[PDB]
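Next up: the same protein chain in two forms, each one alone, written as structure tokens (structure 1, then structure 2).
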Structure 1
């Protein structure tokens, strides 16, 4: 199997409790620079920073943003690996100062890697690809994480951009209601008020150029060489226009 999945298995809980603690803060403001995250990873990790970052991406996508808590129900190998990560990278929780690493900051700084992992880790996420397919056929797995907004090129023609973000907002809507039970009984407009802000921030950040971002979107199958969105993105976008 793909090594992303091998890692997901190493880090799975023996059973499921206070799971909601792991995800509830996902759209809470984060004050950091992606460049600084990468510097800190290299500084603490040496040449193995990339291998270690991969483990942290699996943790962020499949278990949450609280490394110490997620160790509690892990296998012995799992716990050991996570404890070594915490100690090497000095991992924190929540929204620490700007020179600290968290699992979510790592996932977000390596957005290109994170989103490519979503193709393999689809059935391990809070909202699965199968669940998204019920809302729109062939939903793009590369969109199934908040860090995807950092892959969006804002210089795409306006109609192509709006489709990409609309398609992605379909997953954000679902994900938001799952991770935050306070939003389950709410309208799309009220839920969108909670995820549009950090979304638009990453869309317009200076981390990863327009050109590089668009290369990722083309490599992910989400746009063609003209920037025109795939039929699956188009179907997702319209599904979001009339979503409840």
Structure 2
């Protein structure tokens, strides 16, 4: 009777039926498309220049705009106050239709990752610090929003190399900005940062082709997707990392 669970198992699996359901029940959190829609809406023609300012502001000062405003120059405070009021900026994790410095940096990952080369020594974990862990550490990987640039169709060994090279940074960064991860083990830090990382790697924002074009442009992969010597070095550094 009840061991008819065999008949239920016997039915061949439908890739499209299951893919409709996984799509319907999917975690709906960060919408990069909505963020860009809101920036364009509040900023108008100035949205790009203000977004670049907000990327610098997020990467070097954090996600609390009213707090950072208090320990800043006269000119800076005036710019941040204008941005808070134009873009109706918030702190932390508000509703889906609300903008934060984090969300701006995350939706515009292509622009954020390019800025890291210049901003490297102004970050919580500097390029110099990373170079101590792995020589000539890839600066374009030094932000959680880099996960949105990873082509998931890349050969598994090449893909794992990029993510292990990026995880070397995440391990340092997470232990430093997440109060719950201060001094915790590698395995613990990776268990808290892999699920949001892998969601960004397998998101529908930016096609595989565009993602690999960015990795090629940043000099992270070659013509066939083979990671650079620096990525390979970093990927190994993560395997023996503490």
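Throughout, rigid core stands for the largest set of C-alpha atoms superposing within 1.5 Å between the two forms. Positions refer to the first chain, counted from 1.
Can you tell which of the two structures I gave is the form deposited without the DNA?
Pick structure 1; the other is not the form deposited without the DNA.
Align on the core first; then indicate which of 216, 27, 175, 49 has a CA shift of 2 angstroms or more between the two structures.
The displaced C-alpha is that of 27.
Keeping the rigid core fixed, work out how far the Cα of residue 194 travels between the two structures, to one decimal in Å.
A shift of 1.3 Å.
Where the rigid core has been superposed, how far does the Cα of residue 11 end up moving between the two structures, given in Å?
Residue 11 is displaced by 61.3 Å at its C-alpha.
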